[PDB]
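Next up is one chain by itself, shown in structure tokens, the form deposited in one PDB entry.
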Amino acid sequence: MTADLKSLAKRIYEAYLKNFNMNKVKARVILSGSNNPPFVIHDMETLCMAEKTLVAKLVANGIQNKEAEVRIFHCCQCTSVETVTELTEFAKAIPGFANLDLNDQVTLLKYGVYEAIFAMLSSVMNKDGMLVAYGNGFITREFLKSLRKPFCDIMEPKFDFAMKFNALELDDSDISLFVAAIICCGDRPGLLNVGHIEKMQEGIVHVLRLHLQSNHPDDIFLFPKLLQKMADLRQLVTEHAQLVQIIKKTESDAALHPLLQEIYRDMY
């Protein structure tokens, strides 16, 4: 007459497989090297070729098209908006989340979504570049570094995080629980029912700890390593939000999608 924590871990994993269009298995199949192979974006010529095939509407304007850096900024936001939708549906599988007040659900997702985004982003990155456009492009790390300031500063810290995160060799069953734990942080600003959220967090972290013990018997410190990665992600998001605000204020053509503007509003 006890919680079945192995069953819960499997439920979370199944919800992750159902709700996220990208996962580490899918990404690795593509990155390894037959249908729909990824178009490689390594310079301005190949960026523009990729846009004409994969986001035609964005470049179907005359000399009215935006600057390449602003077009990339827009494409990045589009993926974030879609991933926020996936994360919101995923969160329903977390025991207790759907029993919280709506306002607390909103607050947890508001602070958690970009931590989860950058954790899952790691799965589509290697040291040379990253998958984009639902696995149909691969944009090189060096090309993103070549963009004009400040746009060249967006992705490189995420690559830095990812290279170390990927060295932990998590699989999707681990990542699903890590993303659930990110969402269940009881110390987010503005929460109403802190006590119930702390209990929800305790439960999901217990599931995560036991799962890592079973799935990674070789790495006895993997759980505290991941606790530290959660704190690293919070700092990564804080710095990212600061850069997004600089771009919003100084780049008149770089607009922010209204759903993301609300996420960023009063966040840090």
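Rigid core: the largest C-alpha set superposing within 1.5 Å between the two forms. Shifts are known only where both forms have a C-alpha. Residues carry their position along the shown sequence, with the first being 1.
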{"property": "Coordinates lacking for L31, a third or more of other entries", "result": "no"}
{"property": "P217 left out of the model in a third or more of other PDB entries", "result": "no"}
{"property": "Length class of the unmodelled deposited segment, which would lie between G33 and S34", "result": "1 to 3"}
{"property": "Which of 87-95 and 109-117 has higher mean CA B factor, as the PDB entry lists it", "result": "87-95"}
{"property": "Given 35-43 and 226-234, the range whose Cα B-factors average higher in the PDB entry", "result": "35-43"}
{"property": "Residue selected from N166, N193, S173, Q77 by maximal Cα B factor", "result": "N193"}
{"property": "Out of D101, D160, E82, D128, residue topping the C-alpha B-factor column of the entry", "result": "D101"}
{"property": "Chain-wide C-alpha B factor ranking for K52, given as lowest, middle or highest third", "result": "middle"}
{"property": "Record-listed C-alpha B factor of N21: chain third", "result": "lowest"}
{"property": "Chain-relative CA temperature factor third for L208", "result": "middle"}
{"property": "Chain-relative CA temperature factor third for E239", "result": "lowest"}
{"property": "CA B-factor placement of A255, once the chain's modelled residues are sorted into thirds", "result": "highest"}
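Omitted from view is the form solved in complex with a partner chain, to which the following refers.
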item: Answer option from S173, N126, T88, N193, heavy atom within 4.5 Å of its partner chain in the deposited bound form; value: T88
item: Proximity of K92 to its partner chain in the deposited bound form, heavy atoms at 4.5 Å; value: yes
item: Any non-hydrogen atom of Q105 within 4.5 angstroms of its partner chain in the deposited bound form; value: yes
item: 4.5 Å heavy atom contact, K158 and its partner chain in the deposited bound form; value: no
item: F143: touches its partner chain in the deposited bound form, heavy atom cutoff 4.5 angstroms; value: no
item: Candidate site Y13, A181 and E198: all three near its partner chain in the deposited bound form by heavy atom within 4.5 Å; value: no
item: Core-superposed comparison between the shown form and the other one - Cα displaced by 2 angstroms or more, from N65, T53, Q235, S214; value: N65
item: After core alignment, residue runs (3 or more) whose Cα moves 2 Å or more between the shown form and the other one; value: 62-65
